[PDB]
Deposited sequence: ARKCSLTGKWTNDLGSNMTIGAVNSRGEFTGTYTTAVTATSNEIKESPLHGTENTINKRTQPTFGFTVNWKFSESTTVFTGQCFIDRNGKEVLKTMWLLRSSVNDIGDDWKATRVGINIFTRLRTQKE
């Protein structure tokens, strides 16, 4: 069973802590990233999909950055590799805030992140 609750770290060096996942699949947590003024914490809220009670469920969460006007959403699946290790393969969209609707076209970045247990 791949569980989201716990401590994770990714390929960029960012860390994330997720608490208990309730009966509805909802969970909260903290997302930690460094600036290079050193470390900043931002809350995250998301849900794990519980349809068919898969052992490798899909999920999604939003990171509400506390040091910028931007928002990032992550979606992915909690996998169990060949070694028996849990791994989160995710993709994200990073939304920047623009002051005019005419600039909307360049406000969204996309990328990936792989998380492993810390």
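Several segments of the deposited sequence are absent from the coordinates, namely 1 to 2, 39 to 41, 124 to 128.
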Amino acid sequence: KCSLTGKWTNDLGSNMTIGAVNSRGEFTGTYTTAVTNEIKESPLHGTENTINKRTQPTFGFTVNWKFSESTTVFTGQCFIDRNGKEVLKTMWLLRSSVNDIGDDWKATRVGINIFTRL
From here on, numbers count along this sequence of modelled residues.
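Looking at mean Cα B-factors across 74 to 82 and 58 to 66, the upper value is held by 74 to 82. Look at the mean CA B-factor for 43 to 51 and for 87 to 95 in the entry; the higher one is 43 to 51. Sort the chain's modelled residues by C-alpha temperature factor and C2 lands in the highest third, per the entry.
Annotation for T108: CA B-factor lies in the lowest third of the chain's modelled residues.
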